[PDB]
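S.K.: I am attaching a structure below and will ask some questions about it afterwards.
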Amino acid sequence: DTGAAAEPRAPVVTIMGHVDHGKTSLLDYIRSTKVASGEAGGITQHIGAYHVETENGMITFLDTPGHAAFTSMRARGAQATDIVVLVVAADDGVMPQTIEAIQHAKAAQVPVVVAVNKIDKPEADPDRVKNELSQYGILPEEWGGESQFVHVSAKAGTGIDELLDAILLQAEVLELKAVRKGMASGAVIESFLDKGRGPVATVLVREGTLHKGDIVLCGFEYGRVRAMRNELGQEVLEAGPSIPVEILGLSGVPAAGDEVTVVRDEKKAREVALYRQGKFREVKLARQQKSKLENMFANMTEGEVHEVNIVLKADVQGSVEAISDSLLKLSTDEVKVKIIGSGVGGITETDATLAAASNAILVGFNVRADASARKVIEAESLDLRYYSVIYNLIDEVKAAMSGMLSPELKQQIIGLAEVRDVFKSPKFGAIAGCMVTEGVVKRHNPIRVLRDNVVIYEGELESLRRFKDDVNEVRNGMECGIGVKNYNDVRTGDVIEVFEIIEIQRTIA
Amino acid sequence: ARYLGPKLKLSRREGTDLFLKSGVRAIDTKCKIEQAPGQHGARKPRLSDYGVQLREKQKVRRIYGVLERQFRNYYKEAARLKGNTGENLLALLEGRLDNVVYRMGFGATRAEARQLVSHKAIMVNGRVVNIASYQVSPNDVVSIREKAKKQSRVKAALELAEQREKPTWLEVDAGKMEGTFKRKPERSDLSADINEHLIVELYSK
Amino acid sequence: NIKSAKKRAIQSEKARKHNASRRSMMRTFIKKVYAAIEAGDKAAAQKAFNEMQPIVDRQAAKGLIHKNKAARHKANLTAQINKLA
RNA sequence: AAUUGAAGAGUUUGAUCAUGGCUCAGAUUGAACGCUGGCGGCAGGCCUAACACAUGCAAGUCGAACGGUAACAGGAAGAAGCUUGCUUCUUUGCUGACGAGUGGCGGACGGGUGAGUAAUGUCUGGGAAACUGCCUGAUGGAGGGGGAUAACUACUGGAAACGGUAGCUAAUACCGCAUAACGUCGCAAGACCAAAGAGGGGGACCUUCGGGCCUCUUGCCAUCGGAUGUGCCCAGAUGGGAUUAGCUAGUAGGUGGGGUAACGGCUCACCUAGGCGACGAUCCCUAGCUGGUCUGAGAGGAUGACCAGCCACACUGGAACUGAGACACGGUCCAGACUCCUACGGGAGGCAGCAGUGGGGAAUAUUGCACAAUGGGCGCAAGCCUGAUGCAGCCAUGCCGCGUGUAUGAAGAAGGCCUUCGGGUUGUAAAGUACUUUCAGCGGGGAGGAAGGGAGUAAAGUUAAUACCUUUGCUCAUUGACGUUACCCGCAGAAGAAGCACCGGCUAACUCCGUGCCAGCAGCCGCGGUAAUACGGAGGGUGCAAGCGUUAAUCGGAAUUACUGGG
């Protein structure tokens, strides 16, 4: 605490959890705002922070999905906050997805309080949940070391009064003393791009009083703050020690899930940023060196090469880094899928230019095209998708890879034929009279001319003649003639095997 | 700005001293005078027509203590003047304040003279002047200031001030620490030391 | 639009409707003068000339029909009638 | 005081002399990149998408033109609870005022941009048939009346924007009449056209005791003039192309009617049949121009951001109104593209103003401060407004100043490097000693940009009026945005502050080691296939400096399109 006049901060609280465990609903019930979990994708596909309207005190809440792509994002929502609350259903048991979200709470060493969240439902059992989490090192209630359990209903929507008291009680039992009159610091929740207001970021400030004129350094981002904007109330001039506030007017997009610190002077925070650009060039040269020594090759070792390229822009910068990792996860060896040029925010002229240069699918999350992208798209209409849900995206990249995949495998006989009585012809050299002994003979298929397990001669069925005329097909028990260009090699009693080849089209999984 | 290196390395390269030491010793002893300016430098006296032009340019600049851009500014200024361009060049080079301080002997070396003009000790016509490249004009009284006059810095200079050159293009006192610039330096004061008819040619190569 | 010149917007319209009404009466009278000139009744032409002179200078002093135009009208419409008379 | 101005080298051959291209040394830039960077002064800083834009701000102003209380600040009367003489609360335009509104003037200026535009434009020099706000000098009037209407009230439709129905009410708004030459139209006689009041103070007469009326200031109106401003016309000059050679129906001319502020095919009707064209018409491509800047010995060439003059444009396309002046950058209408809001019915927008953002591109900046100063808009002044302007922020971009110590110091220290291993060099450099402390760092002091304006006094002028007001003096209060100003004084202690290219020839500056025709260098001719002065590295050396180098760009050199000045 820099100003030494410290007083308890209002509490920063995070929530993790999944698949409508009241999971959106609980926050909306606590804010009393009646969003009513009505938003796209069932439950949310990205992080958010909300400072809330409550009594006796005030509290801030953070929420992210815990789903399979969001591993760093749910870690970044965990690692900053004062208190973590972990939602669990009352229906029956605890999911394998939930104990992983417990692990992100334990690995970040935060004290935890929990709630049974659907107890008014008729087939609910809170005691079952209590016993099943008494099989794990989650600090269970009473039988274990007591992370306190609360029994309330968020899926149906019935208070929750007790949970609000419990969250306050843990924050009162904790020591939250914080500078209210000194200097400002904090972390960036989620960052995005506005096309009238510039690159922006929602930043939670840990240390109080971010002022109107302050110089800020967040990672490789710098600036003097022009204005501060919030969803609880639009116009912010001097901030608290526990609240998210949008900042606007910066050089690029500041990274989500890391530290903003106010600084002495603007000139020095150019020099630090240019040192951090040098550090990003050290991380650039690290990622350049790694790919060559991992498998010798620049890209693919074996000759059966297939790849897919994608060009990706998410609206939120925390999202772009997390879901791009999940699109490189799903790949097989045979068809390799790779990102080229990950963007943040709206599609632009140069983004469409990269997928025009080297073939790739151009996708954007809630992101859509703008006029200078449209200019490239109307010229060359590349694969252009602005999207709905990430699961369908993970399905359509897999579908693209599956279409990319090499297609055929099956080799099976159509017919077997025996040769007798050679003739000579200027069309093909020799003409082997044949009698088809088994199966069907068709005009163009591969053939194997064999005697006693050696292939005497090799080819594709060239001429199918019956009696005196070339014909499309012939079936067993029938006189035939055949000759192939540069065939002069007839031995009577040799056998032709004509064979069908059948495609299968493999599908990546 | 200033050179900031071994003084004698210039003196061996240029081929005589620039008076960057006291004169007690070291024009014949500590110096290796013209013997070799660098490690292989024993083994050559041959030179080109560009090199004899550049060497006298460098000699004059290393005497007066000025950089190529500033020295070019003096050459351009000498060019617009009526009367001889080489003569007005050498007049502009001689016309410096730190040079008049060196002529008065208030600074023993040209570098100590520039230190003395820098450190706020000098007054011209009762104005103080920190700028080294001030120019001293006809009927300019010049002096070291009354407040902290004649310190150990100036006092050490005044002994070798008593008997070196002491010529007439300044009036010299050095009792109360002053001087008066009446006549300009003229051609016969400083020619033949420098190939001036050559130096004025060189910028049209 | 954005600034308080919504006042100047209503000011020009009202004056326009005022001036247009006087200009309308001015022209209908000048054509009913030129009717008599086309008719060739020199007395009814001069009577109509004696009708227009006050009104043409009166609009000229108001200024909407304008001074040197008004004088050129009285000159021009003179030159036909004092051929006819 | 004003003519002091012009260089060549390398390279075709076995060698030479010619011809002749190519290449370099120069200067310069609204620059970028690379590497490196201490402080200060001054100048300059989107040349890409005339691509699109969030949020804030960019011209309003007069109560001394007018109804008015919507303000809200006092006062008074009165009605009232008392503090008992005052507080309190309803009235009241009484009074300092002043929103919405009415009327007048300003909004047509400044600012930004270079799309279109090859001349209709621009520049220079001339001209005739013209108007010209405000602003000044001159000569005279400023008489007498009338009708509306918004605001505002009472109803009423709307999500919102934005309205509807009916009465009432004023004016320097609006409309009649009188009055009218020196003015307009006419040959003349004649006909006809204007008005507005407002404000300050005051003896006398008197007043429906409101002011009549006097006197001062100012505004209103007509006319002859001024200077200014703008329109108009003509000549010459002002990009490129002949693989653009034929081009013109309102075209070219006349007459008459009509039209503009005014000349005028300006536009009609009618008549005639011409006009332009090798001195480059027409068409196409391409472009804002000049005073100038840059280069150049000059002659010339390139270039037209900065700065100023002029022109043109203001989401795309077109038209008109208002007004002195616009066919109007932040006015209007309509049409179009496109963008947004919404209760979904219906509504809203034009940052090439200043900031600022997306996009573009190699690449060009702070969502700052103030009307303190200058210059504007309105006003009588106060005053208010002023993103013009004055300033600051950011950037080694350019120009320029200065520092990063000075003197002594041989045992010519060690180390490094070379070394015929004799020594040489790096190098008086370091080290050491003796000194100085600029500019920074820190603590103290302090110009000018401020002249004015305001208020109070006096004189003088004025007047029926010691009035009353202005002018002209005096005196007293004051008036600094930048601003921790420029600038000065005091202290500690060499402390905080040097890098970059290049070294075969050109071209100033040389060896050793490694690699071995590989890896690489190259602006040019060229270097390297184990002893590389040309690669990599080191040592040494040279140039230049808070910059250095490369690249791109233009002129130069190039008498290499040759007038000066060629074959």
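Ligands are numbered from 1 in the order shown, residues from 1 within each chain, and chains are lettered A, B, ... in the order they appear in the structure tokens.
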Which neighbours of residue C:57 fall inside 12 Å, counting only C-alpha atoms (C1' of nucleotides), when residues of the same chain fewer than 2 positions from it are skipped, and could you give them as a PyMOL selection string?

M.R.: (chain C and resi 26+50-55+59-74) or (chain D and resi 183-185+191-194)

S.K.: Would you list the contacts of residue D:244 as a PyMOL selection string, taking every protein, DNA or RNA residue within 10 Å and counting only C-alpha atoms (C1' of nucleotides), but skipping same-chain residues closer than 4 positions in sequence?

M.R.: chain D and resi 282-284

S.K.: Limited to C-alpha atoms (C1' of nucleotides), could you put the picked residues into a file as a PDB file, in the first residue's frame?

M.R.:
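File written: selection_11.pdb
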```pdb
ATOM      1  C1'   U D 282     -10.879  18.973 -82.335  1.00  0.00           C
ATOM      2  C1'   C D 283     -10.055  14.676 -79.351  1.00  0.00           C
ATOM      3  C1'   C D 284      -7.278  11.947 -75.811  1.00  0.00           C
TER       4        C D 284
END
```

S.K.: Could you give me, as a ChimeraX atom specification, each residue of stretch 38-161 of chain B that DSSP assigns to alpha helix (DSSP H) when run on this structure's backbone?

M.R.: /B:49-64,68-80,85-94,97-104,110-118,152-161

S.K.: Excluding residue A:71 and residues on its chain fewer than 6 positions from it, collect all residues at most 10 Å away from it, counting only C-alpha atoms (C1' of nucleotides), and give them as a list in words.

M.R.: residues 65, 100, 101, 104, 322, 323, 325 and 326 of chain A

S.K.: Restrict the selected residues to C-alpha atoms and save them as a PDB file, in the first residue's frame.

M.R.:
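Output (part17.pdb):
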```pdb
ATOM      1  CA  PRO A  65     -17.041 -20.462 -18.969  1.00  0.00           C
ATOM      2  CA  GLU A 100     -10.830 -29.615 -13.034  1.00  0.00           C
ATOM      3  CA  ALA A 101     -12.284 -26.216 -12.183  1.00  0.00           C
ATOM      4  CA  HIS A 104      -7.654 -24.157 -11.059  1.00  0.00           C
ATOM      5  CA  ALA A 322      -7.265 -19.565 -26.204  1.00  0.00           C
ATOM      6  CA  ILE A 323      -9.419 -20.959 -29.053  1.00  0.00           C
ATOM      7  CA  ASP A 325      -4.737 -23.344 -29.268  1.00  0.00           C
ATOM      8  CA  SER A 326      -7.863 -25.564 -29.317  1.00  0.00           C
TER       9      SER A 326
END
```

S.K.: Could I get the residues of chain B with an atom no further than 9 Å from an atom of chain D, each paired with its nearest atom pair and that distance in Å to one decimal, using only C-alpha atoms (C1' of nucleotides), sorted by chain and residue number, as JSON lines?

M.R.:
```
{"residue": "B:1", "atom": "CA", "partner": "D:403", "partner_atom": "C1'", "distance": 7.4}
{"residue": "B:2", "atom": "CA", "partner": "D:403", "partner_atom": "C1'", "distance": 8.4}
{"residue": "B:4", "atom": "CA", "partner": "D:405", "partner_atom": "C1'", "distance": 8.7}
{"residue": "B:5", "atom": "CA", "partner": "D:429", "partner_atom": "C1'", "distance": 7.7}
{"residue": "B:6", "atom": "CA", "partner": "D:429", "partner_atom": "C1'", "distance": 5.5}
{"residue": "B:7", "atom": "CA", "partner": "D:428", "partner_atom": "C1'", "distance": 8.3}
{"residue": "B:8", "atom": "CA", "partner": "D:428", "partner_atom": "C1'", "distance": 7.9}
{"residue": "B:9", "atom": "CA", "partner": "D:427", "partner_atom": "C1'", "distance": 9.0}
{"residue": "B:21", "atom": "CA", "partner": "D:407", "partner_atom": "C1'", "distance": 8.1}
{"residue": "B:22", "atom": "CA", "partner": "D:407", "partner_atom": "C1'", "distance": 8.0}
{"residue": "B:30", "atom": "CA", "partner": "D:428", "partner_atom": "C1'", "distance": 7.4}
{"residue": "B:31", "atom": "CA", "partner": "D:428", "partner_atom": "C1'", "distance": 8.2}
{"residue": "B:38", "atom": "CA", "partner": "D:541", "partner_atom": "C1'", "distance": 6.8}
{"residue": "B:39", "atom": "CA", "partner": "D:425", "partner_atom": "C1'", "distance": 5.2}
{"residue": "B:40", "atom": "CA", "partner": "D:510", "partner_atom": "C1'", "distance": 6.8}
{"residue": "B:41", "atom": "CA", "partner": "D:541", "partner_atom": "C1'", "distance": 8.4}
{"residue": "B:48", "atom": "CA", "partner": "D:508", "partner_atom": "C1'", "distance": 8.6}
{"residue": "B:50", "atom": "CA", "partner": "D:508", "partner_atom": "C1'", "distance": 7.3}
{"residue": "B:51", "atom": "CA", "partner": "D:508", "partner_atom": "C1'", "distance": 5.7}
{"residue": "B:54", "atom": "CA", "partner": "D:508", "partner_atom": "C1'", "distance": 7.3}
{"residue": "B:55", "atom": "CA", "partner": "D:508", "partner_atom": "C1'", "distance": 8.7}
{"residue": "B:67", "atom": "CA", "partner": "D:545", "partner_atom": "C1'", "distance": 8.6}
{"residue": "B:68", "atom": "CA", "partner": "D:544", "partner_atom": "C1'", "distance": 8.0}
{"residue": "B:79", "atom": "CA", "partner": "D:4", "partner_atom": "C1'", "distance": 8.3}
{"residue": "B:80", "atom": "CA", "partner": "D:4", "partner_atom": "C1'", "distance": 8.7}
{"residue": "B:82", "atom": "CA", "partner": "D:4", "partner_atom": "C1'", "distance": 7.6}
{"residue": "B:83", "atom": "CA", "partner": "D:4", "partner_atom": "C1'", "distance": 8.5}
{"residue": "B:84", "atom": "CA", "partner": "D:4", "partner_atom": "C1'", "distance": 8.6}
{"residue": "B:85", "atom": "CA", "partner": "D:4", "partner_atom": "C1'", "distance": 8.6}
{"residue": "B:108", "atom": "CA", "partner": "D:407", "partner_atom": "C1'", "distance": 8.6}
{"residue": "B:109", "atom": "CA", "partner": "D:407", "partner_atom": "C1'", "distance": 8.7}
{"residue": "B:111", "atom": "CA", "partner": "D:406", "partner_atom": "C1'", "distance": 7.1}
{"residue": "B:112", "atom": "CA", "partner": "D:406", "partner_atom": "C1'", "distance": 5.6}
{"residue": "B:115", "atom": "CA", "partner": "D:406", "partner_atom": "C1'", "distance": 6.8}
{"residue": "B:116", "atom": "CA", "partner": "D:436", "partner_atom": "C1'", "distance": 8.1}
{"residue": "B:117", "atom": "CA", "partner": "D:438", "partner_atom": "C1'", "distance": 8.5}
{"residue": "B:118", "atom": "CA", "partner": "D:438", "partner_atom": "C1'", "distance": 4.9}
{"residue": "B:119", "atom": "CA", "partner": "D:438", "partner_atom": "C1'", "distance": 4.5}
{"residue": "B:120", "atom": "CA", "partner": "D:438", "partner_atom": "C1'", "distance": 7.0}
{"residue": "B:130", "atom": "CA", "partner": "D:438", "partner_atom": "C1'", "distance": 7.5}
{"residue": "B:131", "atom": "CA", "partner": "D:402", "partner_atom": "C1'", "distance": 7.5}
{"residue": "B:132", "atom": "CA", "partner": "D:402", "partner_atom": "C1'", "distance": 8.4}
{"residue": "B:133", "atom": "CA", "partner": "D:401", "partner_atom": "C1'", "distance": 8.6}
{"residue": "B:152", "atom": "CA", "partner": "D:435", "partner_atom": "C1'", "distance": 7.4}
{"residue": "B:153", "atom": "CA", "partner": "D:435", "partner_atom": "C1'", "distance": 6.6}
{"residue": "B:204", "atom": "CA", "partner": "D:7", "partner_atom": "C1'", "distance": 6.9}
{"residue": "B:205", "atom": "CA", "partner": "D:7", "partner_atom": "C1'", "distance": 6.5}
```

S.K.: Pick out the residues sitting within 9 Å of stretch 188-195 of chain B, and hand them over as JSON, numbers by chain; count only C-alpha atoms (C1' of nucleotides), and ignore anything fewer than 2 positions along from it in its own chain.

M.R.: {"B": [53, 56, 59, 60, 87, 90, 167, 169, 185, 186, 197, 198, 199, 200]}

S.K.: Would you output that residue set with N, CA, C and O atoms, as a PDB file, in the first residue's frame?

M.R.:
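Printed below is part-v1.pdb as written:
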```pdb
ATOM      1  N   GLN B  53      45.473  18.223 -49.584  1.00  0.00           N
ATOM      2  CA  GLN B  53      44.424  19.194 -49.383  1.00  0.00           C
ATOM      3  C   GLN B  53      43.702  18.926 -48.083  1.00  0.00           C
ATOM      4  O   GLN B  53      43.504  19.813 -47.253  1.00  0.00           O
ATOM      5  N   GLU B  56      45.930  19.735 -44.725  1.00  0.00           N
ATOM      6  CA  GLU B  56      45.907  21.119 -44.310  1.00  0.00           C
ATOM      7  C   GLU B  56      44.541  21.571 -43.817  1.00  0.00           C
ATOM      8  O   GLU B  56      44.442  22.326 -42.855  1.00  0.00           O
ATOM      9  N   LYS B  59      44.615  20.104 -40.396  1.00  0.00           N
ATOM     10  CA  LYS B  59      45.513  20.920 -39.605  1.00  0.00           C
ATOM     11  C   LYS B  59      44.875  22.200 -39.110  1.00  0.00           C
ATOM     12  O   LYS B  59      44.941  22.530 -37.931  1.00  0.00           O
ATOM     13  N   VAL B  60      44.142  22.903 -39.983  1.00  0.00           N
ATOM     14  CA  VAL B  60      43.536  24.170 -39.647  1.00  0.00           C
ATOM     15  C   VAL B  60      42.373  23.955 -38.707  1.00  0.00           C
ATOM     16  O   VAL B  60      42.247  24.622 -37.677  1.00  0.00           O
ATOM     17  N   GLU B  87      41.895  34.988 -47.111  1.00  0.00           N
ATOM     18  CA  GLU B  87      42.212  35.920 -46.056  1.00  0.00           C
ATOM     19  C   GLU B  87      41.042  36.106 -45.106  1.00  0.00           C
ATOM     20  O   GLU B  87      41.195  36.059 -43.887  1.00  0.00           O
ATOM     21  N   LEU B  90      40.787  32.878 -42.902  1.00  0.00           N
ATOM     22  CA  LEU B  90      41.720  32.890 -41.809  1.00  0.00           C
ATOM     23  C   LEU B  90      41.388  33.978 -40.808  1.00  0.00           C
ATOM     24  O   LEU B  90      41.588  33.821 -39.606  1.00  0.00           O
ATOM     25  N   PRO B 167      51.691  39.240 -30.364  1.00  0.00           N
ATOM     26  CA  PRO B 167      51.674  40.103 -31.541  1.00  0.00           C
ATOM     27  C   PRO B 167      50.635  41.212 -31.461  1.00  0.00           C
ATOM     28  O   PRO B 167      49.914  41.355 -30.475  1.00  0.00           O
ATOM     29  N   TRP B 169      47.836  42.248 -33.273  1.00  0.00           N
ATOM     30  CA  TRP B 169      46.440  42.294 -33.711  1.00  0.00           C
ATOM     31  C   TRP B 169      45.482  42.209 -32.537  1.00  0.00           C
ATOM     32  O   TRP B 169      44.259  42.211 -32.670  1.00  0.00           O
ATOM     33  N   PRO B 185      43.848  40.990 -37.506  1.00  0.00           N
ATOM     34  CA  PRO B 185      44.904  40.227 -38.161  1.00  0.00           C
ATOM     35  C   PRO B 185      44.928  40.445 -39.662  1.00  0.00           C
ATOM     36  O   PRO B 185      43.882  40.640 -40.283  1.00  0.00           O
ATOM     37  N   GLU B 186      46.120  40.439 -40.250  1.00  0.00           N
ATOM     38  CA  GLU B 186      46.351  40.693 -41.643  1.00  0.00           C
ATOM     39  C   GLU B 186      47.091  39.507 -42.241  1.00  0.00           C
ATOM     40  O   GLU B 186      47.423  38.526 -41.578  1.00  0.00           O
ATOM     41  N   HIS B 197      46.184  29.185 -50.297  1.00  0.00           N
ATOM     42  CA  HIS B 197      45.850  29.160 -51.696  1.00  0.00           C
ATOM     43  C   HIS B 197      45.377  27.783 -52.147  1.00  0.00           C
ATOM     44  O   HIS B 197      44.499  27.653 -52.995  1.00  0.00           O
ATOM     45  N   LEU B 198      45.900  26.718 -51.518  1.00  0.00           N
ATOM     46  CA  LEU B 198      45.440  25.362 -51.692  1.00  0.00           C
ATOM     47  C   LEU B 198      44.125  25.100 -50.978  1.00  0.00           C
ATOM     48  O   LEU B 198      43.178  24.570 -51.555  1.00  0.00           O
ATOM     49  N   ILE B 199      44.029  25.452 -49.672  1.00  0.00           N
ATOM     50  CA  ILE B 199      42.860  25.164 -48.848  1.00  0.00           C
ATOM     51  C   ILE B 199      41.586  25.777 -49.405  1.00  0.00           C
ATOM     52  O   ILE B 199      40.520  25.166 -49.398  1.00  0.00           O
ATOM     53  N   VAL B 200      41.667  27.001 -49.961  1.00  0.00           N
ATOM     54  CA  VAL B 200      40.521  27.638 -50.565  1.00  0.00           C
ATOM     55  C   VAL B 200      40.049  26.920 -51.834  1.00  0.00           C
ATOM     56  O   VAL B 200      38.843  26.773 -52.056  1.00  0.00           O
TER      57      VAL B 200
END
```

S.K.: When you look at residue D:91 with a cut-off of 12 Å (counting only C-alpha atoms (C1' of nucleotides)), what residues show up, excluding the ones that are within fewer than 5 positions of it in the same chain? I need them as a PyMOL selection string.

M.R.: chain D and resi 76-79

S.K.: Output the selection as a PDB file, in the first residue's frame - C-alpha atoms (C1' of nucleotides) for each residue.

M.R.:
```pdb
ATOM      1  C1'   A D  76     -41.437  47.259  -1.414  1.00  0.00           C
ATOM      2  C1'   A D  77     -46.407  46.748  -0.196  1.00  0.00           C
ATOM      3  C1'   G D  78     -49.402  43.246   2.110  1.00  0.00           C
ATOM      4  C1'   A D  79     -50.879  38.795   4.314  1.00  0.00           C
TER       5        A D  79
END
```

S.K.: Find the residues around stretch 482-498 of chain A up to 8 Å (only C-alpha atoms (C1' of nucleotides) counted), leave out those fewer than 6 positions away in its own chain, and share them as a PyMOL selection string.

M.R.: chain A and resi 413-422+427-434+441+445-451+457+459+461-465

S.K.: Which residues of chain D come within 10 Å of chain C, and for each one, what is the closest pair of atoms and their distance in Å to one decimal, counting only C-alpha atoms (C1' of nucleotides), sorted by chain and residue number, as a Markdown table?

M.R.:
```
| residue | atom | partner | partner_atom | distance |
| --- | --- | --- | --- | --- |
| D:59 | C1' | C:3 | CA | 9.3 |
| D:60 | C1' | C:4 | CA | 8.7 |
| D:107 | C1' | C:5 | CA | 7.7 |
| D:131 | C1' | C:68 | CA | 9.8 |
| D:174 | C1' | C:18 | CA | 9.4 |
| D:184 | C1' | C:71 | CA | 6.0 |
| D:185 | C1' | C:75 | CA | 5.7 |
| D:186 | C1' | C:78 | CA | 8.5 |
| D:191 | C1' | C:50 | CA | 7.8 |
| D:192 | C1' | C:54 | CA | 5.4 |
| D:193 | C1' | C:57 | CA | 5.1 |
| D:194 | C1' | C:61 | CA | 8.0 |
| D:260 | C1' | C:69 | CA | 8.7 |
| D:261 | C1' | C:68 | CA | 6.9 |
| D:262 | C1' | C:68 | CA | 9.5 |
| D:321 | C1' | C:16 | CA | 7.0 |
| D:322 | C1' | C:12 | CA | 4.6 |
| D:323 | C1' | C:12 | CA | 9.0 |
| D:330 | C1' | C:2 | CA | 7.9 |
| D:331 | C1' | C:9 | CA | 7.3 |
| D:332 | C1' | C:9 | CA | 6.9 |
```

S.K.: Near chain D, which residues of chain A fall within 7 Å when you count only C-alpha atoms (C1' of nucleotides), and what do they look like as a ChimeraX atom specification?

M.R.: /A:195-198,226

S.K.: As a list in words, please: the residues near residue A:251 (cut-off 8 Å, only C-alpha atoms (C1' of nucleotides), same-chain neighbours under 4 positions excluded).

M.R.: residues 199, 221, 222 and 223 of chain A

S.K.: Rounded to one decimal, what separation in Å do you get between atom CA of residue A:44 and atom CA of residue A:140?

M.R.: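 A separation of 28.4 Å between them.
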